[PDB]
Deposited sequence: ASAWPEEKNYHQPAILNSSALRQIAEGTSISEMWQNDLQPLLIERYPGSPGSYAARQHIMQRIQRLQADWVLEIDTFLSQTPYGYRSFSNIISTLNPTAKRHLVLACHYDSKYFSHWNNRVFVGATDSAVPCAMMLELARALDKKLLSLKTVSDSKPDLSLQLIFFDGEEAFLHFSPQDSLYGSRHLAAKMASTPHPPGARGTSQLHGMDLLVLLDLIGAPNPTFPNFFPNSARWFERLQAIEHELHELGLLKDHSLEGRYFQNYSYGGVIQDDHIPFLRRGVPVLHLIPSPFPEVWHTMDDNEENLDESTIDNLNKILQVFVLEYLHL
C-alpha cells in the first residue's frame, strides 16, 4: 500500500534566490499577455456559443505552440440545465500525464450568459478572461523551465466550462464543468494500472484563480489545509516587493493578507474540496465592484496588478515544482 498520496503533506518548496527572482520578474510580459492571450478571450463565450468554441481554440493553440510537452484533452459531456440538455467542454492541459502527482492551476473559461443590453455584451474580463490569460502567460513565460520536466510531480492546467449559472446560482445550475470533472477524476485510477488511488489522490493542490484583474484585490486565507501555501504567496509577494520587482505596490495594500474567511464561496473548487482535495482559492474578497455587470470589461482592468500577480504566481509554481 504506497503512501505516495501523502507526499503532498510534506512537500516543501525550493525557494528562489534574489537573482532567480529578478529573472522571473523580467521573463514575463504583461503587454504580450494582453495582446496575445487576453484580448482574443474578451468575447461573449457562454457554454455552447460560437465564442465558447473560439475561446477553446485560442486556449488550445496558445498552449500547442509552446515547447514543453503539454498533452491537451477536451472533456465533453452533457448536463441538464434550465434550458434543457446541453453540451459542455472542459479543457485540460497536462505535463507528464502519468506522473503520479500534479500541481493544478485552474480557472473557468465560460462567460456568464446575458442578453445583449443596450448593445452591450458581457465579456467577464476579470471573470475569468484574465485568469485564463494569466495561466497562458505562465505556460509561455516558464516554457523553457517546464520543458525540463519532459518528486514524481508535474503541472496541470484546467479551464472549466460552465462555472456560471445560466440563471442565478443554484446547486443544479452552476459548476457544470467542475462537478463533472471532479466526479470523473475521482473515479479514474491513477497512475494508470493503479488498484486503489484516483486522479484526485494525485492532485497535490488545486490553485483556482477567479475574479482577478480589478484594483486592490485582497485574497483571504480560506483553508487550514493549504494555509502554509498561502503563507508562501505572502512571502513571495513580500520578497518581490522588497526587491523592487513589483509595480505600484505597497505592503499596506498587499494582496495576500493575514485573514481567514469562514463562509463558503461557491466556485469550481467546491466539488474538489468536498472530495478532500487541498485548495488554494485565489478569489478576492470583496469581489470586484464590476462583478456580473457589463462594466467587467478591459477598460476596468488594472494592468500593473495583473503583472504583479503573474510574477508572484510564476514564482510560486517554480518553487513548488523545484524548477
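Residues of the deposited sequence that lack C-alpha coordinates fall in a single stretch, 151-156.
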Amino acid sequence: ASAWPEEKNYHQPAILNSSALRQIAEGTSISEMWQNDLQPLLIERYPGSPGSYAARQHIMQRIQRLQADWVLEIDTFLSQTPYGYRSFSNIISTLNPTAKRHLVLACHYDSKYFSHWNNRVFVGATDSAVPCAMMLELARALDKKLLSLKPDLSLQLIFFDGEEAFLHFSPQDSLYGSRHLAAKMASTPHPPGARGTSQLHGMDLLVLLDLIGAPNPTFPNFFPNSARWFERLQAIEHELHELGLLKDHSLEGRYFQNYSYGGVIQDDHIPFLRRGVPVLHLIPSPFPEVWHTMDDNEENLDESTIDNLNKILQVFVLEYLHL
From here on, numbers count along this sequence of modelled residues.
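The mean Cα B-factor in the deposited entry runs higher for 116-124 than for the other of 116-124 and 244-252. Looking at mean Cα B-factors across 224-232 and 166-174, the upper value is held by 166-174. Taking the deposited Cα B-factors for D152, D210, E237, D204, the highest one is held by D152.
Which of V264, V290, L282, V279 has the largest Cα B-factor in the deposited entry comes down to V264. Among the modelled residues of its chain, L321 has a C-alpha B-factor that falls in the middle third, as given in the PDB entry. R195: CA B factor lies in the highest third for its chain, per the PDB record. The PDB entry assigns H108 a C-alpha temperature factor belonging to the lowest third of its chain's modelled residues. When the CA B factors of the chain's modelled residues are split into thirds, the value for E137 lands in the middle one. Sorting the modelled residues of the chain by their CA temperature factor places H269 in the lowest third.
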